[PDB]
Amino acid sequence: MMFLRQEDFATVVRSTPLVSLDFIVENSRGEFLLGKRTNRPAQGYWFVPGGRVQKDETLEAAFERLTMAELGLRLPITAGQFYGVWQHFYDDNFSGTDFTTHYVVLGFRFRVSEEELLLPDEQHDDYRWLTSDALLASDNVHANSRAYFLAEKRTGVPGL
C-alpha cells in the first residue's frame, strides 16, 4: 500500500514501467464493460477498467482494491481468469503531455451480474456493455482495449 504524492508519481512515470491489472468484464448477454475515461492517458476513449499495483502491494490485494475502486464490487483474484501480460505505451501522462507512460499489464477476465456492480464516476463518465464485434469496429474504443479481442494481437502475449 502506497499512494504516491504527485511529485513522486511524476518521477516514477517518467522513469519506469507501471504495473497494472486490466479487467475484461462480461455480463449476462456476452457483452464487455467499457468506460469512457476522464483521465489521461487514453483520455476520452472507451477502455476496460484497470489500474496500477502499488509498492509492496501483492497482486491479490491489488485485485481486491482495484475491483472495488473501478467496479464498486470487491472481488478476490480467484474470481479472475488470468489473461496474459500486455504492454501499453502512451505519449502522455496522468498530469500532462510532457512525458510518456508505460504499463506492463496483467489481464483478467470474469463474468458478473450488472446489478452487483456499483459503477463509480471518478475514472469514467459513462459505461457501456459492448459486443466484441461492436467494440472492435469502433475507433473510440482505444486500440489497447480492442487488442484483448483480436486473435492476431494475442499471438506472442506471455500467458496466452
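For every residue, the number given is its place in the sequence shown, counted from 1.
Averaged over CA atoms, B-factors in the entry run higher in 113-121 than in the other of 93-101 and 113-121. As recorded in the PDB entry, 130-138 is the stretch of 130-138 and 104-112 with the greater mean C-alpha temperature factor. Sort the modelled residues of the chain by CA B factor and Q54 lands in the lowest third.
Residue-level temperature factors show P41 in the middle third of its chain, judged at the C-alpha atom. Per-chain ranking of the deposited C-alpha B factor places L150 in the highest third.
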